[PDB]
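Worksheet: the structure to be examined is printed underneath.
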4 protein chains.
Amino acid sequence: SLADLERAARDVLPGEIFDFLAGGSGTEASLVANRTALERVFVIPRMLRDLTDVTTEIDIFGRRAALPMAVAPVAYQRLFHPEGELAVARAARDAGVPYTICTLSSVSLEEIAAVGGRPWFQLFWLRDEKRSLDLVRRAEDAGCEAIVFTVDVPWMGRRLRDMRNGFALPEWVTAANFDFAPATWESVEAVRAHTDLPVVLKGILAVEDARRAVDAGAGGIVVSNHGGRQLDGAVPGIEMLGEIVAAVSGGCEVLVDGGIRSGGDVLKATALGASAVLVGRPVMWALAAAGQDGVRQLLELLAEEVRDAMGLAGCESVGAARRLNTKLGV
Amino acid sequence: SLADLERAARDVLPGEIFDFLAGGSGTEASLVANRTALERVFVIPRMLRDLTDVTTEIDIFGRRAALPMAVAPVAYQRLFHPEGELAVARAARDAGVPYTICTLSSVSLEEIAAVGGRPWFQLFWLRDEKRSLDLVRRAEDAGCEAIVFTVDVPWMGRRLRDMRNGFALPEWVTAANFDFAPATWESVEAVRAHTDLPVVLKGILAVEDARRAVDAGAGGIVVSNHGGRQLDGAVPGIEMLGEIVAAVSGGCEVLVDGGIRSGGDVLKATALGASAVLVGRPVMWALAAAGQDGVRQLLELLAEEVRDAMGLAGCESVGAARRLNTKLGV
Amino acid sequence: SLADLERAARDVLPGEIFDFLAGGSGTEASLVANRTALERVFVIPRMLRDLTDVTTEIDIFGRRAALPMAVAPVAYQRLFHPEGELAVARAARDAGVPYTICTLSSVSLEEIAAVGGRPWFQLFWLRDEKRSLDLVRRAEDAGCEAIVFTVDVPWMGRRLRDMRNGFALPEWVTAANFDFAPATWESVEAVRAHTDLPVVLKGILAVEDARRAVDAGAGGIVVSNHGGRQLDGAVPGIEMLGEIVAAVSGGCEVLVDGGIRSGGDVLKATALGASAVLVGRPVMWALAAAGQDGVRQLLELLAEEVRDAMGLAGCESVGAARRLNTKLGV
Amino acid sequence: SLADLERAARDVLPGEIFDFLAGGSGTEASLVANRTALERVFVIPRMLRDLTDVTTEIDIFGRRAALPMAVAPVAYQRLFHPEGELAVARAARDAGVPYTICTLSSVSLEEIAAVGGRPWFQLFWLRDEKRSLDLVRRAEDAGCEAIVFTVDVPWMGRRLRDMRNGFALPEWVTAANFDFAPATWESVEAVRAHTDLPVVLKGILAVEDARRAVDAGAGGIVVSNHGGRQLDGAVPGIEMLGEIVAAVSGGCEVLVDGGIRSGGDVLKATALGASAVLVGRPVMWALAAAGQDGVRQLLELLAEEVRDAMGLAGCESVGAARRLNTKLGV
Ligand SMILES: Cc1cc2nc3c(=O)[nH]c(=O)nc-3n(C[C@H](O)[C@H](O)[C@H](O)COP(=O)(O)O)c2cc1C
Ligand SMILES: Cc1cc2nc3c(=O)[nH]c(=O)nc-3n(C[C@H](O)[C@H](O)[C@H](O)COP(=O)(O)O)c2cc1C
Ligand SMILES: Cc1cc2nc3c(=O)[nH]c(=O)nc-3n(C[C@H](O)[C@H](O)[C@H](O)COP(=O)(O)O)c2cc1C
Ligand SMILES: Cc1cc2nc3c(=O)[nH]c(=O)nc-3n(C[C@H](O)[C@H](O)[C@H](O)COP(=O)(O)O)c2cc1C
Ligand SMILES: O=C(O)Cc1ccccc1
Ligand SMILES: O=C(O)Cc1ccccc1
Ligand SMILES: O=C(O)Cc1ccccc1
Ligand SMILES: O=C(O)Cc1ccccc1
């Protein structure tokens, strides 16, 4: 289980860095709710279906992925291990999972993309529409296959663990893509007009924002409260997911994140209608604990857990898993 | 109470064997939910009815049973006591309760059936349609009166207690019926075509699978998440039971299992519409603690608890108990 | 508060007697649910109403009572104090609260009634229709003003505290009215035909049993699960009360019991539609702790708490309190 | 966070005074429910809106306030610090927040009003309609801009912490406005006829009392259970707020109080429809801990938390925050 890795990472990382990773904003209400919400979801499995060729593969944004999952954008991964983003990206490539390269990556995006695999690029909107679009163009020129535009960070949430810790970036970690302003719908349009890559808006929670994202020409959204790190009291994405999937009615891919910690959790998200999930903190636990081989082992365990869960639920494909029904417990 | 027995069994059994017995898959969410779900159910008892002739008997699959209960299939019972299945089967016979002989029994099915009583036989689908049907034919020739086809095990769930324990069958426990593949609806048909015994599909949770089971010629189903040992996050059977009973509308017997630990719990399952229940772990606690006489004492306590509960609720018969209403609490 | 008294009684009483008093049947699910259910109820108070003449009085079964409350039937009160029922009955009389004399009283019913006040008499149905009716006639001849026919005890619930304790009546406590069989609707009719007193059926939880009680000529019912001492898993009366009040639509008085521990709890029961409440265990705590003066002090504290709660909620009368709305919390 | 201040105040204040401040009535059910209720509310934030000019200002009762918040009436503030109400009022003025001067203030209302800022005056109805109206006239002559008529205190709730503590006002704290009777709707009319200031009824929880308040010519209400200090078991205001806002349909300002402990909580109240909130206990923690500068720091932290929350939720104005949707969690 992914629970094994969390303790291993707690042991190795400096306390303040473990807190930067684990923490949420405010009283951590949304952080805790991400888990509570998943725990309340029960799947109604189907029996006696053909499982001779169970596959966890999906096609997303033009490409085959080995699982309905990608590595979430997590800034400054050298905080957790000296190889940082390169270790994660290599493991992701080898697992057939898309890796999201961050605007605030601690290794340059061009170096990360050179690893190969299916890199996506996460955008934070800069000060200058021109620099933002340069970053997009860099990503595209480097072979990234989607732009994950983070839209829930007009500014950063108040992380009281960091404030209490007086936590700051070590001098040996930098924003390697560099030598910020709130995004609007106009910024989305500027991005969409300047790339042929799918634009994916990350941090959508309202139904009318999901519909507007489709109208705006997004190729996907990530239904997300940013891992409980942005508005404290924001609803978990998993609680809005079903309503959002019904509202877009196939008009874009609908991803979800927040608290996904097992293959069963992936199955739950799928059954609620998600195209795929992102996974954040667990990938960093595996990185901290054992570098590249740590993340590879995590991804292999997830792969096995997702296949197991699907077959136990009577699903030979992710599409079938999306047609599962659920029941909320207490 | 059945709680007495659990500690007695914890004291006598080797830790790893107690864990094989107690554990569920994954994070044990479905294991815990089986109990939570029962605990939330309240019965609305009726008063002032004639109780001069209260009976707990039912007719099921051709035969009278003393209680609306059978012993669930539990593999490898010599793990818990040296007399294993023979001790349980004798106690069951003497109590007038059906005993389910397992495909993976640690005493041969013919020896268990020779004990007498009302044996049923649980089938796991083998590799070879021909060997599966041989096992069915053996059971029928031995006098088993129903085939309990387990349909929730295309493969085994990941039991993290066993994995952590590195638990494996002792060399002194074997699958005595021997000298596996996923089941499908085609396998059900092959069984149904080859026996005149009622075929009971164990591990149904979806309403449309219950209806299809009727259409397929099943004589019953067991609404079950396999004691929380198969898909972690599968809904408890008790949560689907009422919906399933309404959907089959008398077309087959509808049994339930998972967490039944008292006569009051039997009453709750009955009031939700179950024809009968299966009981698993408590029977093995009694076996571990005191062998045959242990299981006899358990069954006598259950019998007394079921009669007590029925009469306190104004029910002179199990049919009347099925007409009780319930209310969900928090 | 009534919480003060509970510890005082725990200190003075022998453990096994405190357990006889405190305990419920089975796993004590219904015992705990009585409290949970009250705790979930919130009152919506009204403001700015005339409170110049707030009164807690009600008319019930022909007579004025000082509060919408009576002392519940509790058998064998000499278990708790040497003066037993006489101490409780005197305090009740002095407080203007009806006292329920038990069939299993440890002082004869005629002695208790001689105390004066507003005694009611609780009936358990005997073996012999003739002896049952004699007991009723005795009660009526002694000046009791209602027959509280307990209808939830075809036999006694399994009290595992008592069983574990091997608890039995001390030799110095006897059933003083003596020198039992399940009740039916026919028994109710026999009682109703033989007395002009109001017949009150205690232990009704199903709506159709409440309606039938009206049809049967009951002058009241007590919506009750017998303090969690009868069917373990029976719904709390407070959860059925609103539905029952709507169903009888003024055809009899509807009382409730189970867990009433404050004037606020009385207000909650009133707001849900109860005519009055019974209070059991707290009266015995006060008796154990301080005899007659103990029960008087309890009743004075309740009186003050009920007036306080009513006025804070804008109710000058109990009728107004019945028109309060409520909201369920979590 | 406001949690920092609570411990600081616990350290400095005498135990019995900390209890006078913290406590509620009865079993403190309503006190705890105020927090529970807020914790169950999740906001659905909006993204990608223009936040170039985020403002937390509102217009209320004729005047601009810097935040959608006022300092609640809290009697006898010299209990917490020697400068008492003057320290709080100065900080409030400097923060641009209305300060509610109490009828039971420990510094005279004219001295508090001389501080300047936006003082409101809270009225308790006196014995004598003439003295009540004198107090109103004093407040108006001193420059108070609204009368906050407390309508939930026909008398004081039973504060068991105070009773247990034998707590009484120190001899060095007095009701400085002096040298009481239950309010009715007639008292509201007498106030409304005698002032041109907006009359705000504090302690409304029933929908029909909110509508009647509008009909009566109130310029606002405060939906409130008096911080859990009046009826124990009264619903939290936050649970009635949405229903009340829909019922008045713009006919008066609708404020709420009870448990507001962060800017996120203000956002939640706004999203449920509140015009503004009151904050009580936290202001007294800050006063106790650090006098005037303590309250100033609290108000600055709240201001920053409210702006943060609004912008993270896509709201450039409080009006926009009122149009946010919410979802209840568990
Ligand atoms: C340490 C940390 C840094 C993050 N950095 C970013 C970021 O730069 N961009 C972004 O869009 N999301 C960022 N996220 C949020 C994740 O992409 C994701 O939404 C969240 O972590 C998912 O929740 P999970 O960690 O519970 O799986 C970060 C998350 C964490 C924990
Ligand atoms: C140790 C163990 C072994 C089991 N073996 C089998 C099996 O061979 N076949 C099967 O259909 N169910 C099997 N089950 C599941 C039970 O038949 C039953 O569904 C479950 O135990 C009921 O839950 P309960 O144990 O809470 O009463 C097993 C259960 C346990 C605990
Ligand atoms: C020790 C004990 C003895 C009781 N004896 C009787 C009885 O003889 N007849 C009866 O109708 N109810 C009996 N009751 C139940 C009470 O009348 C009442 O329904 C229950 O105690 C109410 O719950 P409360 O104790 O929570 O207030 C008894 C209750 C207790 C605790
Ligand atoms: C110590 C104390 C004294 C109070 N005095 C008054 C008062 O004189 N008048 C009034 O209307 N409310 C009074 N209140 C209630 C507050 O105005 C407010 O409704 C409540 O404190 C809001 O809850 P909060 O403290 O959780 O923020 C008092 C509250 C406390 C804690
Ligand atoms: O997006 C986040 O929660 C992580 C982050 C951390 C530090 C600086 C920018 C972003
Ligand atoms: O069916 C089960 O949960 C029990 C089982 C244990 C070991 C091997 C097969 C089946
Ligand atoms: O009615 C009850 O719960 C109390 C009781 C105790 C002992 C004998 C008869 C009745
Ligand atoms: O209104 C309140 O809860 C506080 C109060 C305390 C003491 C006296 C009057 C009012």
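Taking the criterion of being among the acidic types (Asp, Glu), under 28 Å from A:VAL191 (Cβ atoms) and within 16 Å of ligand 5 (Cβ to nearest atom), would at least one residue in the stretch A:235-256 satisfy it?
no
Of all residues in the stretch C:63-77, which are out of contact with any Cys (no Cβ under 6 Å at 6 or more places or on another chain) and within 12 Å of ligand 3 (Cβ to nearest atom)?
If the condition is that a residue be out of contact with any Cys (no Cβ under 6 Å at 6 or more places or on another chain) and within 12 Å of ligand 3 (Cβ to nearest atom), then C:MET69, C:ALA70, C:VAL71, C:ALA72, C:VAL74, C:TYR76, C:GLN77 are the ones that fit.
Working only within the stretch C:255-276, note down all residues that are within 12 Å of the chain's Cα centre (by Cα) and away from every other protein chain (no Cβ under 13 Å).
Matches in the stretch C:255-276: C:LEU255, C:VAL256, C:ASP257, C:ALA276.
Name every residue in the stretch C:228-254 that is under 16 Å from the mean Cα position of the chain (by Cα) and either of a type in the set (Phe, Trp, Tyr) or away from chain B (no Cβ under 14 Å) (or both), in order of residue number.
Answer for the stretch C:228-254, where residues must be under 16 Å from the mean Cα position of the chain (by Cα) and either of a type in the set (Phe, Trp, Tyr) or away from chain B (no Cβ under 14 Å) (or both): C:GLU253, C:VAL254.
Answer yes if at least one residue in the stretch D:60-71 is under 29 Å from D:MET163 (Cβ atoms) and touching a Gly at 6+ places or on another chain (Cβ under 9 Å), and no otherwise.
Looking for residues that are under 29 Å from D:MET163 (Cβ atoms) and touching a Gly at 6+ places or on another chain (Cβ under 9 Å), one finds at least one in the stretch D:60-71, hence yes.
Among the residues of the stretch A:128-148, is there at least one that is within 27 Å of D:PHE42 (Cα to Cα) and under 22 Å from the mean Cα position of the chain (by Cα)?
Looking through the stretch A:128-148, at least one residue is within 27 Å of D:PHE42 (Cα to Cα) and under 22 Å from the mean Cα position of the chain (by Cα).
Kindly list the number of the only condition in (1) within 25 Å of C:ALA210 (Cβ to Cβ); (2) within 14 Å of ligand 7 (Cβ to nearest atom); (3) surrounded by fewer than 24 Cβ atoms within 10 Å (Cβ to Cβ) that fails for C:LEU123.
C:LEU123 satisfies all of (1) within 25 Å of C:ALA210 (Cβ to Cβ); (2) within 14 Å of ligand 7 (Cβ to nearest atom); (3) surrounded by fewer than 24 Cβ atoms within 10 Å (Cβ to Cβ) except (3).
Yes/no matrix, rows are residues, columns are (1) surrounded by fewer than 17 Cβ atoms within 10 Å (Cβ to Cβ); (2) touching a strand residue (DSSP E or B) at 6+ places or on another chain (Cβ under 9 Å):
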position	(1), (2)
B:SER132	no, yes
B:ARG137	yes, no
B:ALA142	no, yes
B:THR150	no, yes
B:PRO154	no, no
B:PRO170	yes, no
B:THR174	yes, no
B:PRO182	no, no
B:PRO198	no, yes
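Give the stretch B:53-109 a look and list any residue that's closer than 22 Å to B:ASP179 by Cβ, surrounded by fewer than 21 Cβ atoms within 10 Å (Cβ to Cβ) and among the polar types (S, T, N, Q), or say none.
If the condition is that a residue be closer than 22 Å to B:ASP179 by Cβ, surrounded by fewer than 21 Cβ atoms within 10 Å (Cβ to Cβ) and among the polar types (S, T, N, Q), then B:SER108 is the only one that fits.
Here is a list of conditions, (1) crowded, with 23+ Cβ neighbours inside 10 Å; (2) touching a strand residue (DSSP E or B) at 6+ places or on another chain (Cβ under 6 Å); (3) acidic (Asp, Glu), and D:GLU253 meets all of them except one; can you say which number that is?
Exception for D:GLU253: condition (1).
Would you mind finding the one in D:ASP265, D:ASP232 that is more than 16 Å from ligand 5 (Cβ to nearest atom), farther than 30 Å from D:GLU300 by Cα and crowded, with 24+ Cβ neighbours inside 10 Å?
Among D:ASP265, D:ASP232, only D:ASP232 is more than 16 Å from ligand 5 (Cβ to nearest atom), farther than 30 Å from D:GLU300 by Cα and crowded, with 24+ Cβ neighbours inside 10 Å.
Give me a count of the residues in the stretch A:10-61 that are more than 10 Å from chain B (Cβ to nearest Cβ) and among the β-branched types (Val, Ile, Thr).
Qualifying residue count, the stretch A:10-61: 9.
From the list D:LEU133, D:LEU79, which residue is in contact with a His (Cβ under 6 Å, 6 or more places away or on another chain) and of a type outside the set (D, E, K, R)?
The match here is D:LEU133.
Under the condition of being among the hydrophobic types (A, V, I, L, M, F, W, C) and within 13 Å of C:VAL245 (Cα to Cα), which residue from the stretch C:200-216 is surrounded by the fewest Cβ atoms within 10 Å (Cβ to Cβ)?
C:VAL207
Please determine, by comparing only the residues of the stretch B:61-74 that are more than 30 Å from C:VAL235 (Cα to Cα) and in contact with a strand residue (DSSP E or B) (Cβ under 9 Å, 6 or more places away or on another chain), which one is nearest to ligand 7 (Cβ to nearest atom).
Among them, the one singled out is B:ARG64.
Which is touching a strand residue (DSSP E or B) at 6+ places or on another chain (Cβ under 9 Å), away from ligand 6 (no atom under 16 Å from the Cβ) and on the phi > 0 side of the Ramachandran plot, of C:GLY258, C:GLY314, C:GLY227, C:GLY319?
C:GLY258
For the subset of the stretch C:154-208 comprising residues that are closer than 21 Å to B:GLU305 by Cα and touching a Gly at 6+ places or on another chain (Cβ under 6 Å), which member is nearest to the other protein chains (Cβ to nearest Cβ)?
Result: C:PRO154.
Whether any residue in the stretch C:282-302 is more than 16 Å from the chain's Cα centre (by Cα) and within 14 Å of chain D (Cβ to nearest Cβ) is what I want to check.
Checking the stretch C:282-302: at least one residue is more than 16 Å from the chain's Cα centre (by Cα) and within 14 Å of chain D (Cβ to nearest Cβ).
Of the residues D:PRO98, D:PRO68, which is away from every other protein chain (no Cβ under 14 Å) and under 28 Å from D:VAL12 (Cβ atoms)?
D:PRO98
Where the second residue is hydroxyl-bearing (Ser, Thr, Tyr) and not in a helix (DSSP H, G or I) and the first is more than 11 Å from every other protein chain (Cβ to nearest Cβ) and lies in the stretch B:305-330, which pairs have Cβ atoms under 7 Å and are six or more apart or on separate chains?
Filtered contacts from the stretch B:305-330: B:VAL306/B:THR56; B:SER317/B:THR55; B:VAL318/B:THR56.
When we count neighbours, we look across all protein chains shown, and the Cβ atoms used for this are built from the backbone with ideal geometry, even at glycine. The numbers here are math on the coordinates, done by the rules we state, and not lab data.
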